[PDB]
Amino acid sequence: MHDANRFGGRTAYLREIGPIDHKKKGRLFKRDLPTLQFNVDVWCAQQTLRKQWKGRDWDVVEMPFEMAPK
Amino acid sequence: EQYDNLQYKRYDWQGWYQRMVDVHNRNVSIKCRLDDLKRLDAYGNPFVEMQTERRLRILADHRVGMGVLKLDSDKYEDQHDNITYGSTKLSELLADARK
Amino acid sequence: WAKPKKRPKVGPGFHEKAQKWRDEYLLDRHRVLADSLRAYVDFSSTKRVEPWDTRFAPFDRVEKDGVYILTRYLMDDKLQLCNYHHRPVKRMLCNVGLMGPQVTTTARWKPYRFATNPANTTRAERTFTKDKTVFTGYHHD
Amino acid sequence: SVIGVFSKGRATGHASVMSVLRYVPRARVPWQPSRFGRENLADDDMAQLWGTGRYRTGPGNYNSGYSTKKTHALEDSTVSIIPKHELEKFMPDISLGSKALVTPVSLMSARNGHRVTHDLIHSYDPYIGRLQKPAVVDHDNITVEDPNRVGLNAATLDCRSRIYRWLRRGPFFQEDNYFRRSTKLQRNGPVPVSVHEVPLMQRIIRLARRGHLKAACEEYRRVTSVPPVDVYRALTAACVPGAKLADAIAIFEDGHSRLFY
Amino acid sequence: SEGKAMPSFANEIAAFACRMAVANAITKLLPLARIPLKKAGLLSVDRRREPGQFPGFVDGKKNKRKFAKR
Amino acid sequence: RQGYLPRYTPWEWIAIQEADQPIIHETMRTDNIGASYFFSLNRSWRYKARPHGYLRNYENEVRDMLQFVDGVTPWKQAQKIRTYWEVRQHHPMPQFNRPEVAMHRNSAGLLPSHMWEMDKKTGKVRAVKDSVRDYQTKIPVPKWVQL
Amino acid sequence: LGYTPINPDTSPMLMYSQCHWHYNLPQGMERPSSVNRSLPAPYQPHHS
Amino acid sequence: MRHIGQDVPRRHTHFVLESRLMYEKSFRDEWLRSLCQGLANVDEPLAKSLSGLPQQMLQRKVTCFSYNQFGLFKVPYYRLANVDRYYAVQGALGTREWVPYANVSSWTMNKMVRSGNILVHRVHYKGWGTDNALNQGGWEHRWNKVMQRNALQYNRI
Amino acid sequence: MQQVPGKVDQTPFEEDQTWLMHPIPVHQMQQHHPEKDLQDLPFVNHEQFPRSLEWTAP
Amino acid sequence: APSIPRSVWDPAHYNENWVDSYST
Amino acid sequence: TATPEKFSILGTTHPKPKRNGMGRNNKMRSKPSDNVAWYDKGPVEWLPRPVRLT
Amino acid sequence: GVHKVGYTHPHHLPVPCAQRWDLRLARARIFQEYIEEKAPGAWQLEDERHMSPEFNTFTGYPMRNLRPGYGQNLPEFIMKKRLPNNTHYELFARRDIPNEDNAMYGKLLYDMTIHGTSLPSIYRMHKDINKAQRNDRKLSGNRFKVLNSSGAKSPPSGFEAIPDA
Amino acid sequence: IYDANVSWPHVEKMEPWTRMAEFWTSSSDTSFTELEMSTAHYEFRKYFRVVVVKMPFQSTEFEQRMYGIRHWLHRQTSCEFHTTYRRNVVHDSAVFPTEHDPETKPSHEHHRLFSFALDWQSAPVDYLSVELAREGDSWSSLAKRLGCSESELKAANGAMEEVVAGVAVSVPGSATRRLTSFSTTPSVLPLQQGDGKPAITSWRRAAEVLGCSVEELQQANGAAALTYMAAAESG
Amino acid sequence: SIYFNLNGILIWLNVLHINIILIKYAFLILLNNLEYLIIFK
Amino acid sequence: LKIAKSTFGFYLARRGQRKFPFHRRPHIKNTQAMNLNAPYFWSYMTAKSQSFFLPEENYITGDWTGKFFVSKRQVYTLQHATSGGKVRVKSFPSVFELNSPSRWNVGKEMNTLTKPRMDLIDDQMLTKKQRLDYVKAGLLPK
Amino acid sequence: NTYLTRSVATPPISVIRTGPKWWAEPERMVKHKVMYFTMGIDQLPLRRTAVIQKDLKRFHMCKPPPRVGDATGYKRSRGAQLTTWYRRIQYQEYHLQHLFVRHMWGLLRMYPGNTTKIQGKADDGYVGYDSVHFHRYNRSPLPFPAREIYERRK
RNA sequence: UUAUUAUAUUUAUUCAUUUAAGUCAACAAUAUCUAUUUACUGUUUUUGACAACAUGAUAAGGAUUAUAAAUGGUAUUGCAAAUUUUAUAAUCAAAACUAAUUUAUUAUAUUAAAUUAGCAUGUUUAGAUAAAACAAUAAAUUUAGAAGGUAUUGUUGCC
């Protein structure tokens, strides 16, 4: 599940290693899904945002209208 | 404009449920097709050309879509007020797009 | 219904065992704090075992060659200053950018509690036997 | 045998009338003829029920800080009150008095009409909070204990019928009552102009005549009482130079039939 | 993709939906191509349905909760 | 009695129903004057143009709040409210870095070592001395605080 | 079936019983109620 | 009181009245308090009208005010008590036990449907529901879609 | 994203190694949003007025 | 504009094409 | 402060046990399991281990 | 790379033109908005689960801001918080009341017009009748508990109650 | 009805509203699986149909036929109206002038939080429409300082046939050089002679000399307000 | 009060069912829980 | 409840081991109030920012006769530790006071100060049944 | 191998039984195909197994052939010997796939997971960076760091 | 074992939470012909829905009636309509486990804002044991149809 080779290793933010005592040890937010799910939605969005911004061969440059490309 | 004709029509809740259903409809979607503004003016100057309306769109980024400046005034719940305040923010936008 | 049955009174004079116990426990709270805080800090000042996993490339390459060159020359003093903790070095190493993106994708790194072992941690028995008196969340040493 | 929540009672009718009015029969409630509301209680017991009902802030509760209980029982053990001196050592006193509770009139619309930020719900109508006199809410004399008992308390006897009137209040109830209760035309006929607010009105006629119209209007919103006629004479005078016809009428229709003509 | 749009259609349970969608398409174009198709089932539609969500089952699909005897 | 239920409300009952309830005077929607930009939205506090919704809407009212909190409040009283860091300035270890970023930045210089005592054999903190008596700090309340 | 009475304005078993309409029937208007315009009352308010 | 001619069928039915005042009190104190927390922790300049001391002195004034205020409502809505107007049943909102729309607990709602007193249309127990909006993204989607309707579709001004 | 001028500004990180290692918090506590905080949870979706989810205000 | 528009109560405004009810 | 020399009821409570079963219910003592890997049997260990070929 | 975004003032250019920031300024003036000085440039994360077609729940708008640290105690949040005034909670305040017939009117007013006098809720009736039937047949359970004891602990000058046998 | 080309008005469908309300049909404490396994989904629903009427002109007699539909609707069916009427709006440049930039361009420093509260007088900007003719100005000389046409100025002020120094001319609407109705550079009031040689020594004479409110004088002069009357502790 | 012929009345009081038939398929299936549950047809 | 530990046992039912949504568990049981993670000692169970103002319970709104105990959300300051007067926090069984003041307590709310689940349990408060269950547990052995 | 944490073993049939779920996962047998293909090794058992699954997957929907009473039982016996053959065919291939891969990692110098044996390079079980003191089966206290079996340079 | 049709069949297991009482009645303020009604005062005799007993009432639970659109039950599960005759126990902010009827996240990357979980590293290893046949993919080691009861809502029966 949280096998550290999942989600590009960023699953290490969500993993309670070892024979945890479910009552006293183990952070709460690591238990509920939607928080785990909302988090992965963050990281998964980054790769898109990264890849969209790694292909920025163009650089944005403003220009007065008169001498812009036709 | 939505008035109630159900169990919410008559008794003591006649008011607050009516007040709700209107403050819940306080919007007045002011619209105008930009191409309409491309008329002459009483000073004789052309009102809005390609150089001007370009400024207009970028002045209201998500607002001006499908070539119609859409201004939804949701500030006040008195709907007539939203018309006055809405038209207020409206002319200001043309005041700058005419720069 | 298991009709709700009462619990008896709290017992005579237990309150005195309460005001006492909570207090002198909160006093013990200080030393375990004072101990663990030192353990955390003095951990941060010490050296760690190197966070990388030598088994995987590009850290299989012999110490003479490979990324060990830049590790030995361009940033050597720095990687000692950062005390070889697995949080700064992977950030320092990413800054030099002379190895590209191979920090995260290619280079595999030691697990967490394997990377908090201090330098000269020869016996692997060590990484599990860190002291129990200190409450640190396994940042201590 | 005989048991009750209260032993002593007091009437709600005056002496000079009751000696004669006692002859005409009173067609009481059929099922419960003995009518015992909050009004019939003595002002001693009146306070005690007034204290509780508020889960935290109500002085009835021991930990309300305003309580009169000197020593109280906590699970078979007693606990003593910390007088104000021994308390003011640690927790620094930050008190501004009653005048910190009364939020101004222009902010009624913000806070659902309510100016008074007491624990209870202070209602500008008399019938919700009527104890014996028609409930007139006071602003300066607001106190934690709320002596006049002009608040919609939670758990006092005869609260159901009182609360059900609150949840049935019109859209403008705290709003219109406060305007109608006060600020009514004078019995002799004229309009009740004079308050300590007159310097505000002078400013407008000091400001409107100069031609700073929007300055007048954006200040005129602060006006609360009925403006005297010399205000509008100055206001509408500023609409003349720029043909701001839309504004003069909006000024008119406000002072016309909405501010007592 | 008229149905619930998903990033990757890499599952046969979607392929058959496409294999059928192309099958019905050819028939409308060509009348007598319905004979060799219908004899091979590409026209016929599955009525299989993955079980809708339900809270009672722990995973939600077909495996109930636990119960231990005293 | 015989099933003839009207598919449509007959024209008669239309007029009879439609005449039992009065026209709202506002839905007439007549305006040849225009909009009053200076005055209309600033009308009297009774029938005022009441803003509603997100806090952005309460422009003309927030100004009154500030003018109100400015009014009743003496700065004298407000001085006593302490920020957290103002209070944590009196703690033995007021500020030390957390493990996410600047863990290595922490040093023994951050340790209030003189507060407690160390035992060389255990290498740990055996106990701590009393800090309330001997903490002489010129700012029990902070410097700019002047009651 | 208890002390809490049934709200006759929101209950189907009542509103869709035989003693009222059913949801199937043509559902038209039963009878026009000309009250305010046949015998109108004048405006005697309590608030002066 | 003290069970002397109690008119209601159940005593706890009264607590619904108190809870309704909480929403009423919350309407009373929210804008004022929320404005304070809006001014309390702003560390950047408030506005070019107020920077530096006029800010950090006022910042303590405004908070001191909401601290000076007496009995102000500082309860977040989820911490209140969900109770039914019918049977005064205590409900844990967000669970299956609290029916969201009619805002009555399961026990009260379950009874009302079988002993039909409310107009609901039954749907297969395993199904996602006849709706087509809820189907696509589950419970979270319909949660999103309404925010689009209530607030987002409004191209602001 | 038009950013304020004169402010030392940061280009989005192009290489992944820079993305993970920078200190970014993860959403530990409960989620909040200005609009739909009223609609308390994904489950309990309060509707002050039942309107068709495609009701477009004119 | 009377309540019952002239379309209904009139011979000359009769819709000859409007089929009766018991036919369809 | 000045941590009392003898603690009244901190240590004077009941003793706490340490779990001694390496697994479910804290009962499974160490014993050669089925999962034992016989490296001798053949060029691969028997039983085989989970092998992914990415 | 981390840089200093340049703002070449439109005047000192070869061919002048209103820079895009100037418009972004001139916009915020008209629609009063908040330009944050400390906004991060790297954080342009779009809500992909919503604003992308291939995803199941494509709503087209950015539903949630993917800023994880976003809370209600934040300043910028409270600027955009929706006041509970006239929302679901108002409706639940006035409609979700113990006796749903009381929201319509005070009951006494109803039993004043429709009936002739106020009648107690159905509970008090069942309370009342059952007292009578037992009291008509039996006795010895009648606990004379009244709200105010004065009427009982002190009967008036008249009213000598008939000795009940 | 559902085709606009053939029918008028033309009913437009709309997706019904559905709110699944699942709940535990059971009620017991000891067993939770009993509850969850006893879930049953009953839905509330409301079906909509939208009537779309397009009048080539706005007749109010027709609209009040419309808003009367709410009475005779079939049982248990409320309706809402979406009116959409053209409205003529005047963009009078006199109130909103399309003028040049301000010399000091506002910046992000003018758009922090609460900027709408403290940084911007709600549009439209106030402009002075009243201008006093100075000592010897002419009609072209006034039209000068107001940046307006003398002829427009002559038409604007009908009552002003001759200019008498000290009377205020009504600024024409088409003006381009009208002023922001306030002064920006601070001014101070010395206890220099003022009223006679005696200076200001109390709050009221403080107002009398400036001719403005004691209140608005206290508002700016905060320090002098917290101490005394006219800040009795002189220099 | 409109009417159209009956097919089967079904008095389902809490005591029992008494299901009479005069068979047809169906139309609207009326329902009354005033005091005694009955399913008209 | 099976054992009504207070007035709220007669009303609410355990409903099994019900799984509430996160952070919406109904009873605010801060049994994890004092869990000392020394690195996060200033961020755990505290104000997430260190520039917030102190909570209300550390301050006095109006003229109080006197609070029996100050609430547990109050934060401890030096004035608290130096004035030394009796400062009380509600807890079972009756109340807890900070008789022995220290500066290690300054800056942390009283939640993190008190120990909610007192290790010394009451063989007196628990009937022969509920004590027996502790005997099997080894928390209260025999 | 990027997977190194401790593992759990399942018998051959208990994996072979999953068929097209994981055992005959289409792309998986394409992986071990190329790997076999590129090594110059004939992919005879894989294509031998591939037809076994492809027929079973294709015919998993139908009924079993009608069980008419046959006192001889030859059909039931033939129904078994042909089955146990198929299992024995996949048994060989299942082991064969694990044979080469661990040996393959001997050629790419990829440290396999815990409790894993490469014929020559890690004769006994390799275990590095586990969750326990000792080699789980050989009771040898681990060395730190994880011991290496290949030579350092590439 | 009587002459349109298949159980042998994986995927799982350490899980807990609740607080510190308060119902004995109703009252237009603007623009419709004027009421100070402005500030509409009359003194006090009862004991069910409760902390208690107090009839009804809808669930969980698979085992032998679809081939051209359906796999969850009535006997009953806390708060419900005729049995009263000690007694306020209701959510409010900041709050303490003993509880059968519960997916907790297991090693590339890991705390951002209403307050939210530090000790249990030890061969995904005891005994017990959990849940599928539904848009998926396992179709056979095999089935109506004869049978007894001291019980008498019946094997947790009686003797």
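Now for a look at the structure at hand.

## Looking at the pattern of salt bridges
Stage number 1. Applying the stated criterion across every chain, the model contains 86 salt bridges over all chains.
Stage number 2. Salt bridges here are not isolated pairs; linked through shared partners, they connect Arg 19, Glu 77, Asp 78 and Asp 81 of chain B together with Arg 43 and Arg 50 of chain F.

## Focus on the interface of chain D and chain F
Stage number 1. Contacts between chain D and chain F engage 41 residues on the former and 29 residues on the latter.
Stage number 2. When the area that chain D buries against chain F is broken down by residue, the three leading residues are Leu 96, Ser 109 and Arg 221 of chain D, summing to 19%.
Stage number 3. At the junction of chain D with chain F, the criterion picks out 3 salt bridges.
Stage number 4. Residue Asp 176 of chain D pairs with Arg 46 of chain F through a salt bridge whose shortest N-O separation is 2.9 Å.

## Brief notes about the nonpolar core
Grouped burial of nonpolar side chains is what soluble globular proteins tend to show.
Stage number 1. Grouped together as the largest cluster of nonpolar side chains are 46 residues, with contacts concentrated most on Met 91 of chain D, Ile 81 of chain F together with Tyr 76 of chain O.
Stage number 2. Counting residues per element, the ones that place at least two in this core are helix 1 (14–45) of chain C, helix 4 (84–88) of chain F, helix 2 (53–68) of chain H together with helix 1 (78–83) and helix 2 (110–113) of chain O.
Stage number 3. Residue contributions to this core peak at 5 residues, all from helix 1 of chain C.
Stage number 4. Beyond its immediate stretch of four places on either side in the chain, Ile 81 of chain F contacts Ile 94 of chain D, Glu 86 of chain F, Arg 60, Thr 63, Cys 64 and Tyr 67 of chain H together with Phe 53 and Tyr 59 of chain O.
Stage number 5. Counting residues in each nonpolar core, the second largest holds 36 residues, with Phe 179, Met 201 and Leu 207 of chain D together with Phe 39 of chain F among its members.

## Quick word on helix 1 (residues 15–40) of chain H
Stage number 1. By the largest-angle criterion, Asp 29 of chain H marks the main kink of helix 1 of chain H, which is about 45 degrees.
Stage number 2. For helix 1 of chain H, the buried fraction is high: 23 of the 26 residues fall into the buried class.

## What to know about the packing of helix 1 of chain H against helix 2 of chain H
Residue and element names in this part refer to chain H.
Stage number 1. With their axes 9 Å apart at the nearest point, helix 1 and helix 2 run at an angle of 150 degrees to one another. The angle between helix 1 and helix 2 falls in the class roughly antiparallel. The hand of the helix 1/helix 2 crossing is left-handed. The segment helix 1 lies against helix 2, with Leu 32, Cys 36, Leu 39 and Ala 40 engaging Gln 59, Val 62, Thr 63, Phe 65 and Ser 66.
Stage number 2. Looking at the contact of helix 1 with helix 2, its residues break down into 6 nonpolar, 3 polar and no charged.

## Quick word on the protein's contact with RNA strand Q
Stage number 1. In the region of RNA strand Q, 268 residues are neighbours, and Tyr 13 of chain A, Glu 39 of chain D, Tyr 47 of chain F, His 47 of chain G together with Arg 25 of chain O sit closest.
Stage number 2. Among atoms of RNA strand Q positioned within 4 Å of the protein, sugar and phosphate together represent 55%.
Stage number 3. Measuring from a sugar or linking oxygen of RNA strand Q, one finds a side-chain N or O atom of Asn 130 of chain L at 3.0 Å.
Stage number 4. Within the side chain of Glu 34 of chain M, an N or O atom sits 3.3 Å from a sugar or linking oxygen of RNA strand Q.
Stage number 5. Per-element accounting of the surface near RNA strand Q gives the leading share, 5 residues, to helix 5 (residues 122–137) of chain L.

## As for the packing of helix 1 of chain H against helix 3 (residues 88–95) of chain L
Stage number 1. Between helix 1 of chain H and helix 3 of chain L, the shortest axis-to-axis distance is 8 Å and the interhelical angle comes to 140 degrees. Viewed along their axes, helix 1 of chain H and helix 3 of chain L adopt a mutual orientation that is oblique. The element helix 1 of chain H and its partner helix 3 of chain L pack so that their crossing is left-handed. Of helix 3 of chain L, the residues touching helix 1 of chain H (which contributes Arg 20, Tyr 23, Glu 24 and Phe 27 of chain H) are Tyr 89, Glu 90, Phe 92, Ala 93 and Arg 94 of chain L.
Stage number 2. Considered class by class, the residues forming the contact of helix 1 of chain H with helix 3 of chain L number 5 nonpolar, no polar and 4 charged.

Criteria and thresholds
- Residues numbered from 1 in each chain as written, not as in the entry; some residues may be left out.
- Chains lettered and ligands numbered in written order.
- Part of a larger assembly, values for the part shown.
- Heavy atoms only, no water.
- Salt bridge = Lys/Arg side-chain N within 4 Å of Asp/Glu carboxyl O.
- Contact = heavy atoms within 4.5 Å.
- Buried area = accessible area lost by both parts, 1.4 Å probe.
- Core = buried A, V, L, I, M, F, W, Y, C linked by side-chain atoms within 4.5 Å.
- Buried < 20%, exposed > 50% of the residue type's maximum accessible area, 1.4 Å probe, protein only.
- Helix = DSSP H or I, 4+ residues; strand = E, 2+ residues; numbered from the N terminus.
- Bend = angle between axes of the 7 residues up to and from the residue.
- Axes fitted to C-alpha atoms, helices over the stretch in contact; angles between N-to-C directions.
- Parallel < 35°, antiparallel > 145°, perpendicular 65-115°, else oblique.
- Left-handed = near helix turned anticlockwise from the far one by under 90°.
- Nonpolar A, V, L, I, M, F, W, Y, C, P; charged D, E, K, R; others polar.
- Near = heavy atom within 4 Å.
- Polar contact = N/O pair within 3.5 Å; in protein donor to acceptor, adjacent residues only side chain to side chain.

Interpretation in functional terms is not warranted from these geometric data alone.
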